[PDB]
Amino acid sequence: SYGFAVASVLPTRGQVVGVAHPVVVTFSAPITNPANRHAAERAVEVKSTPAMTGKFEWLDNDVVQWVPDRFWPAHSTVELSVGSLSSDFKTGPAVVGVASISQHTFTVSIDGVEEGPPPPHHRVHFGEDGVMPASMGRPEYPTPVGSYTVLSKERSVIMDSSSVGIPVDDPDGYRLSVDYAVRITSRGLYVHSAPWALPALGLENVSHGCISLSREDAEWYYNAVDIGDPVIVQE
Ligand SMILES: [Ca+2]
């Protein structure tokens, strides 16, 4: 009986990850019976050192992720057992981004200390370290509130309007080349550089869901953040 045979686990052994990185378990064969999922979860019981509570979420018939309830300790070695498989990984700095829809800001802290790039005359900027002018999703396509984690980081990725439900050649379609792209949902939500959107930054929520930053702020956050680091969206 190898129905719950585990092919692999993320983080990999010795991987360096951000401080909300889930434990992602990939099974050797799909578990197509949702009733067998609770037994599968028990067979892949996640035991970390330091101890952490979490919640299982199935991403596919053969992938379940265990989402920690709290952040891992930064700059640490986390020991990890996933049903007998003994592993470990490392965390880097706690790089946390908090988007405020009402304040039109994106606040970046590193290990608790708010910080941003060294500012180099005609654009909004706050005198407060780490607080970046941002533009969230407009009321038609709002940025959803929640607790996210960085799923991937890409340079010069092309984003279409088909991600929010609009063909490219449609009245309000788009096809953008985006310089710095920090992906925070599998659906296609990003923190990213939006130079065309410079006037709205810090003032208006004019994007279609994504968290828009200046190129300089996006570049700094992109270079600071790691896959697994948390991103909070608040009203
Ligand atoms: Ca990493």
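1. Considering the overall build of the chain
Phase 1 of the analysis: Summing up its helical and strand segments, the chain has 2 helices and 18 strands in all.
Phase 2 of the analysis: For the chain, whose C-alpha radius of gyration is 19 Å, the value lies close to the compact-globule estimate of 18 Å for 235 residues.
Phase 3 of the analysis: Along the three orthogonal principal directions, the C-alpha set of the chain runs to about 65 × 40 × 30 Å.

2. Things to note about the sheet that holds strand β2 (residues 16–17)
Phase 1 of the analysis: Spatially, the 4 strands line up as an open sheet ordered β2-β8-β7-β4, and their pairing is mixed. The sheet is open, and its two edges are formed by β2 and β4 (46–49), each paired on a single side.
Phase 2 of the analysis: Pairing of β4 with strand β7 (residues 77–82), which is carried by 4 bridges, proceeds in the antiparallel orientation. By the bridge assignment for β7, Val 46 is matched with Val 82.

3. Some details on the UniProt feature "active site" in the chain
Phase 1 of the analysis: Annotation from UniProt places "active site" at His 192 and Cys 210. Separation in sequence by 19 residues is not matched in space for these annotated residues, since their most distant C-alpha atoms are only 7.5 Å apart.
Phase 2 of the analysis: By the element assignment, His 192 lies in strand β16 (residues 190–193).
Phase 3 of the analysis: Residue class for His 192 comes out buried when judged on its relative accessible area of 4%.
Phase 4 of the analysis: In contact with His 192, not counting residues within four places along its chain, are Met 159, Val 178, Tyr 180, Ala 181, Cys 210, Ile 211, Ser 212, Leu 213 and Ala 218.
Phase 5 of the analysis: When you line up the elements, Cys 210 lands in the loop between β16 and β17 (211–213).
Phase 6 of the analysis: Among the residues examined, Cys 210 registers a relative accessible area of 13% and is labelled buried.
Phase 7 of the analysis: Among all residues touching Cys 210, those that are not within four sequence positions of it are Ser 135, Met 136, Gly 137, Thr 143, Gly 188, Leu 189, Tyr 190 and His 192.

4. Considering the sheet that holds β17
Phase 1 of the analysis: Ordered by their spatial adjacency, 4 strands build an open sheet running β14-β15-β16-β17, and the pairing between neighbours is mixed. Only two strands of the sheet have a single partner each, and these edge strands are β14 (152–160) and β17. Each adjacent strand pair in this sheet contributes to an overall mean axis angle of 35°, direction not counted.
Phase 2 of the analysis: For strand β15 (residues 175–183) and β16, the ladder comprises 3 bridges, and the chain directions are antiparallel. Within β16, the position partnered with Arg 183 by the bridge is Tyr 190.
Phase 3 of the analysis: Packing against the sheet, helix α2 (residues 215–224) makes contact with β14, β15, β16 and β17, and its axis sits at approximately 40° to β15.

5. Describing the coordination of the calcium ion
Phase 1 of the analysis: Around the calcium ion, the protein supplies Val 16 (O), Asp 226 (OD) and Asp 226 (OD) as donor atoms, at distances of 2.4 to 2.5 Å.
Phase 2 of the analysis: Residue classification places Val 16 among the partly exposed residues on the basis of a relative accessible area of 46%.

6. Looking at the pairing of strand β18 (residues 230–234)
Phase 1 of the analysis: With 4 of 5 residues buried, β18 is to be regarded as a mostly interior element.
Phase 2 of the analysis: The pairing of strand β9 (residues 95–100) with β18 spans 4 bridges and is parallel. Along β18, the bridge assignment pairs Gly 97 with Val 231.
Phase 3 of the analysis: Summarising the sheet, strand β13 (residues 146–149) and β18 pair through 4 bridges and their orientation is antiparallel.

Rules of the game
All residue numbers are counted from 1 along each chain's written sequence and may depart from the entry's numbering; residues that have no coordinates are not represented. Side-chain calculation: all heavy atoms of the structure are included, whereas hydrogens and water are not. Residues with missing side-chain atoms are left out of burial classes, side-chain pairs and their counts. The numbering of helices and of strands both runs from the N terminus, where a helix is a DSSP run of H or I of at least 4 residues and a strand a run of E of at least 2. Throughout, the radius of gyration refers to the C-alpha atoms, and the reference size of a globule is 2.2 Å times the residue count to the power 0.38. Whether two strands pair depends on DSSP finding at least two bridges between them. UniProt positions are given in the numbering used here, feature names are shortened, and annotations may be inferred rather than shown by experiment. Per-residue accessibility, obtained with a 1.4 Å probe over protein chains only, is compared with the maximum for each type, and a residue is labelled buried under 20%, exposed over 50%, and partly exposed between these values. Contacts are assigned to residue pairs that have any heavy atoms within 4.5 Å of one another. Note on method: axes are straight lines fitted to C-alpha atoms, helices fitted across the in-contact stretch only, with angles between N-to-C directions ranging 0 to 180 degrees. For Na, K and Ca the donor cut-off is 3.2 Å, and for all other metals it is 2.8 Å, counting N, O and S atoms only; because water is absent from this set, sites may look incomplete.

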